[PDB]
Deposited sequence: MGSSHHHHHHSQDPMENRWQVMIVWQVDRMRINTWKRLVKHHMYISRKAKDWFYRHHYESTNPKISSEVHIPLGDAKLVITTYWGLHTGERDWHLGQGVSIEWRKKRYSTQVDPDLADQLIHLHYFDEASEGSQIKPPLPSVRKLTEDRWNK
């Protein structure tokens, strides 16, 4: 087969939650520097044509990267218009996709041991419940 694919679990979220997450991250990154070691990569540093942002969080000797997307297919619900998030953990060309629960646990273990930026509130589906 001449078609080669990549597999990603993307949590479908609406636009307001994406905006709130980005605003909180940038507010706690520059104004109230509780998270100053984070690297907020801007839009166009990627080979994937649809990757709106990429937040890198150094955890000891590895890093947890949260990438958001825009321009995906529509969802089942009314406000899943093509935006989503995906969180993974990488260490020197070894990557594993991470549950948002575990991602927030890692974030609060290293950094936190305006509301604090959490990924559980970002990725939670408020339209299916």
Stretches of the record's deposited sequence for which the structure holds no C-alpha atoms: 1 to 14, 128 to 136
